[PDB]
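Chain by chain, the residues:
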Amino acid sequence: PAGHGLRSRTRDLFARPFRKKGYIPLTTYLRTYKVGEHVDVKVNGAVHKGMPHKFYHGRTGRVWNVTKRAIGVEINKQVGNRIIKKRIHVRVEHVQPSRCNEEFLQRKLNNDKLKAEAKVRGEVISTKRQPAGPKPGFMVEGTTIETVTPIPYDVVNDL
Amino acid sequence: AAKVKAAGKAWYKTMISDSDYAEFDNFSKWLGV
Amino acid sequence: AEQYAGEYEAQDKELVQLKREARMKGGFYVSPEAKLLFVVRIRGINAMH
Amino acid sequence: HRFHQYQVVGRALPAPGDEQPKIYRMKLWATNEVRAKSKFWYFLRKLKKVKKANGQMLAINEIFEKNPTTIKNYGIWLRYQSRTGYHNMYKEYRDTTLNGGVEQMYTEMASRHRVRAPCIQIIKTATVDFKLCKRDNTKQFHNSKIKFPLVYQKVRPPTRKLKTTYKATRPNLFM
Amino acid sequence: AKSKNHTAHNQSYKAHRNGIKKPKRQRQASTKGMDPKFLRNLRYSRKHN
RNA sequence: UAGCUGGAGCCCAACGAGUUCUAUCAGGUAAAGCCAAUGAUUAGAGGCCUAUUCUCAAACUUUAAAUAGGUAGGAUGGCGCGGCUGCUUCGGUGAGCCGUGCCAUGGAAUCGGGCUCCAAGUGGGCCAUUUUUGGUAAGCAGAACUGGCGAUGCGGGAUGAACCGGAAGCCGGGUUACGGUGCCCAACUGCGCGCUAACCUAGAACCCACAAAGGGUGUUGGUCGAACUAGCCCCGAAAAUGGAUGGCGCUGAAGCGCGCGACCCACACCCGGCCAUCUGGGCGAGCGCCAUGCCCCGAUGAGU
Ligand SMILES: [K+]
Ligand SMILES: [K+]
Ligand SMILES: [K+]
Ligand SMILES: [K+]
Ligand SMILES: [K+]
Ligand SMILES: [Mg+2]
Ligand SMILES: [Mg+2]
Ligand SMILES: [Mg+2]
Ligand SMILES: [Mg+2]
Ligand SMILES: [Mg+2]
Ligand SMILES: [Mg+2]
Ligand SMILES: [Mg+2]
Ligand SMILES: [Mg+2]
Ligand SMILES: [Mg+2]
Ligand SMILES: [Mg+2]
Ligand SMILES: [Mg+2]
Ligand SMILES: [Mg+2]
Ligand SMILES: [Mg+2]
Ligand SMILES: [Mg+2]
Ligand SMILES: [Mg+2]
Ligand SMILES: [Mg+2]
Ligand SMILES: [Mg+2]
């Protein structure tokens, strides 16, 4: 509407990947989604029902509703001054489960096990991540050292 | 003391070493190869 | 304060011994990377990204 | 001295692929150590494929002149960038230190060719015996009976306290 | 007389004066728009608790 | 009309953030490709075919960046036990919810105090780095991100809305930024190496106030051999009032390229005094006070 149709400038966005057309694998269809889960939205151009608008391609959101052939996904949209939590329904073909919290979910289990040991031994620990920092001092044995020099300029071999 | 001096002289020789410069074939005459 | 003052030494001195011993057996000792910065702003507050 | 010679040693970061990587050394001319390490990482990135983010800095040591009281003949092989193209050239200098020769080289390139320090790459430095010197104006100072007058005296007071706007007579200078 | 047609100049600066407003995180997200089945059933289960 | 702004509040203090990091998604622009599809396109070779080959694409593309985009990084979590459902399943099978007892060292870095009402003005914009469309071009016409001027003084660019520096109460002292130190003009005719000689008005400060193809047995460095290259200089180089490196002038420069030491110099930075704004405090069996007062503390001060 008002100058641009629903699928305008989606010539590359909604096209299928190279040599990856035709049938849709069964894995797409029997993945399980529950309310509160995180999913990435990736439109595929062979399925035209339940197709999300081009804005939500490449965005990750939460599952808030589950129907027979679709799920409700909550996605942030910035509209001027604020963020609007958009709620859309998308068929399962255009959605995949997100791995944006996979490293967090395993780490939470491990932190629970580590703090369990500190309970048994009576110690107090942290189990809190720390960014990569300065390396400690160390020694390297006397070995071969290769000398590096600036190379004389050659006109012919420039191309 | 003598071992101290030998390590310093070995280090100094390494610092002031020069490459062969033999891998620049067509510049060998122009360079001091 | 006495403990800290004597700890600044034996840390500078130990690095002098470690580097000497590395050369003593013919290698390189690598100093520990710096952990602290002092940062001073040298430009003004006009026309900022 | 304006310029110092440093020996910079580094390597690629030890990774499970190698875990004992090769060691690389360079002799670089810079005004201090921070500028010597930056120029080292510049050449390692361009000549090898190791840049500062993937590498480790092992050692940096300043090289010094053995005999700073004698006069040596110093040859320098360099690479410089002009307004149109790249050229390499050989220059010869006479100095008590190779530090002075490198300062002389940078000053001469700035004057005769308007080439700044970034556009210069020192390929090779060495000491040349007076029998093997190639450029003129270096051989003519190899005369053991070298004799000449001072044709420009620069008449001036010694310590700026003796400076006056006026003088009662014209200076007499001779050579 | 012709004039300018469109620009986004100064619009993002305007948007950040009261910097981008994230909606309030609330426990008990609204159930509006959820499928009416399982919504009436949840209502019946709560009534019979 | 929404946005930007003021005023009035009120509610509270873990919550966040124009940033990075760790992890994980998404992309078809740059580049590249044609020895891959679509299209264009030069040439031979061997037998229409085969193997090569030169050159291409905003409305071509297999591959495919950088920069930007989204999500997550616990107390709004988890685990048992027991219930409810009219939903779901062959089925306590599940999906949820309700009750209840336990557990959860606070889960990367850095930084930090943050629901409603009423209303004003505005809705001609312009300029700059980068990207970018039309046009021979334009101080032209139109877009993307950010900053700036408009709304803003102050120091430098001789001068100038926008360039460089830097933003501001009234002052004292110290020091800097940009830019400079022959005089105009505060600060060296400072220390050091070269190059240049202009009988064309030689040359001399980002934007910026222009110069080209091409030449020189001017001079100075290089390279390759028994000509080539690139610095400064000269030719190429023509407009109307008399004229402008800002002027005078300058030639071991007071020009050009590169250094060294000190110095000059903003309303910028530091220390101090005072005025105001804002923040946080103290003062009753009151010898007790314009309590709307007084005292103490810290930061702040541009404005159509
Ligand atoms: K169109
Ligand atoms: K390619
Ligand atoms: K093709
Ligand atoms: K209006
Ligand atoms: K010439
Ligand atoms: Mg319409
Ligand atoms: Mg600025
Ligand atoms: Mg116009
Ligand atoms: Mg308009
Ligand atoms: Mg394309
Ligand atoms: Mg291209
Ligand atoms: Mg209004
Ligand atoms: Mg106006
Ligand atoms: Mg005006
Ligand atoms: Mg002062
Ligand atoms: Mg002078
Ligand atoms: Mg001017
Ligand atoms: Mg020419
Ligand atoms: Mg001037
Ligand atoms: Mg004051
Ligand atoms: Mg004010
Ligand atoms: Mg007013």
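Residues numbered from 1 in each chain as written, not as in the entry; some residues may be left out. Chains lettered and ligands numbered in written order. Part of a larger assembly, values for the part shown. Heavy atoms only, no water. Residues with missing side-chain atoms left out of burial classes, pairs and counts.

Looking at the method and resolution fields of the entry, one finds cryo-EM and 2.84 Å.

### Digging into helix α2 (residues 98–112) of chain D
Residues and elements named next belong to chain D. For α2, which comprises 15 residues, the first-to-last C-alpha distance of 21 Å matches the rise-based estimate of 21 Å (1.5 Å per residue) to within 8%. Of the positions making up α2, those classed as buried are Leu 98, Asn 99, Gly 100, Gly 101, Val 102, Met 105, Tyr 106, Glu 108 and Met 109. Packing partners of the buried residues in α2 comprise β1 (4–12), β2 (23–30), β4 (72–81), β5 (86–95) and β6 (120–128). Where α2 ends, the next residue or the one after it, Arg 114, has phi of about 55 degrees, a positive value. (Helix = DSSP H or I, 4+ residues; strand = E, 2+ residues; numbered from the N terminus. Expected span 1.5 Å × (residues − 1). Buried < 20%, exposed > 50% of the residue type's maximum accessible area, 1.4 Å probe, protein only. Contact = heavy atoms within 4.5 Å.)

### With respect to the arrangement of the chains
Most contacts, when the 7 pairs of chains in contact are compared, are made between chains A and D. Kept free of each other, chain B and chain E leave a smallest C-alpha distance of 56 Å between them. Of all C-alpha pairs spanning chain D and chain E, none lies closer than 35 Å, and the two are not in contact.

### A closer look at the packing of aromatic side chains
The final tally for this structure, using the stated rule, is 9 aromatic pairs over all chains. An angle of 90 degrees between the planes, with centres 5.2 Å apart, marks the rings of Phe55(A) and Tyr56(A) as edge-to-face. Looking at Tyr56(A), the relative accessible area reads 6%, which means it is buried. Ring geometry for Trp77(D) and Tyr90(D): centres 4.7 Å apart, planes at 45 degrees, overall tilted. A residue pair is termed long-range when its members are at least 10 positions apart, and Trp77(D) in strand β4 and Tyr90(D) in strand β5 qualify at 13 residues. A cation sits over an aromatic face here: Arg87(A) above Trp64(A), 4.2 Å from the ring centre. Of note, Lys134(D) hangs over the ring of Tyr90(D), and the distance from its end group to the ring centre comes to 4.3 Å. (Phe/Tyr/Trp six-rings, centres within 6.5 Å; stacked < 30°, edge-to-face > 60°. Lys NZ or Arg CZ within 6 Å of the ring centre and 35° of its normal.)

### Some points on the UniProt feature "binding site: Mg(2+)" (unreviewed entry) in chain E
Per the UniProt record, the feature "binding site: Mg(2+)" (unreviewed entry) sits at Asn5(E). A relative accessible area of 80% means that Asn5(E) is categorised as exposed. (UniProt positions renumbered as here; feature names shortened; annotations may be inferred.)

### Considerations on the interface of chain A and chain D
Each side of the interface is counted separately: chain A has 14 residues, and chain D has 20 residues. Regarding the contact of chain A and chain D, the summed buried area is about 1,600 Å², with carbon and sulfur atoms giving 67% of it. The interface formed by chain A and chain D contains 1 salt bridge. Salt-bridge contacts for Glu146(A) lead to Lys22(D); the nearest nitrogen and oxygen are separated by 3.4 Å. Between the two partners, chain A and chain D, sit 6 residue pairs in polar contact. (Buried area = accessible area lost by both parts, 1.4 Å probe. Salt bridge = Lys/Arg side-chain N within 4 Å of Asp/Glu carboxyl O. Polar contact = N/O pair within 3.5 Å; in protein donor to acceptor, adjacent residues only side chain to side chain.)

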